[PDB]
């Protein structure tokens, strides 16, 4: 539910750019079959940026329905206005979702005090477990360990998706929070390293197309079998890197379509279709992972 291989699942779309139920069902069946631990619905990889809150909610509810209790579902609930974050979270109160993934406000670059008040207010308006999400390269701000420690004192703030790729954050956060506070990687290429340092799992883009390998890798890591996990990691490393050859989720949607997991690789503007060079790069990575 908040450990192991968690997929930041794509929102598959028809050619008109609306959610494709047949494709979503196929994806969710795949994750259940693959041993994926949970699904993050309408996170970054799910095109939270270009779905309105009604559409977002429709996808989350559809994902929950189709999951049919077989696999836990975490809703993306991020917003750069605290009022909007609260409103979006309230949509899922008493819904069946097991928790929320909520990103530091983007664009407006709040202070560490602002981040504290933001997440505290959100937490106060829900009984749902909250996973903080830090990704400075996308947001323009950086939720530092000290503030994470402050926020971990709030009862329902229970973990962090740390997407900096800065591995020193693992033990910096760990020393300031209780032993049951969950540390999850948001950076596929460093996620095994992140678990080797004490992290409890990954919210993963790669898991969209290598769900089985990712589940296996994280199980091995949790068991302390890092050399064995590393063999899998090495097979997946080109995907971990090349799934960001063009902006996420352009490559991973293409990959999903290539593997027959979704009907179309359609995205919403300003995401654009994969370049020819992109296709070949990603195809090479899939081949390296043994997925073709």
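Residue numbers count along the first chain shown, from 1.
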Inset, instruction - Higher average CA B factor in the deposited record is what I'm after, so tell me if that's 108-116 or 91-99. - result: 91-99
Legend entry - Stretch exceeding the other in mean C-alpha B-factor - 263-271, 224-232: 224-232
Inset, instruction - Quick one: which of 132, 135, 128, 79 shows the highest Cα temperature factor in the PDB entry? - result: 128
Legend entry - residue 281, C-alpha B-factor rank within chain (lowest, middle or highest third): highest
Legend entry - Cα B factor band for residue 203 (lowest, middle or highest third within the chain): lowest
Inset, instruction - Going by the recorded CA B-factors, say which third of the chain residue 252 sits in, lowest, middle or highest. - result: lowest
Inset, instruction - Classify residue 48 as lowest, middle or highest third according to the C-alpha B-factor given in the PDB entry, relative to its own chain. - result: lowest
Legend entry - Position of residue 84 among the chain's modelled residues by C-alpha B-factor, lowest, middle or highest third: middle
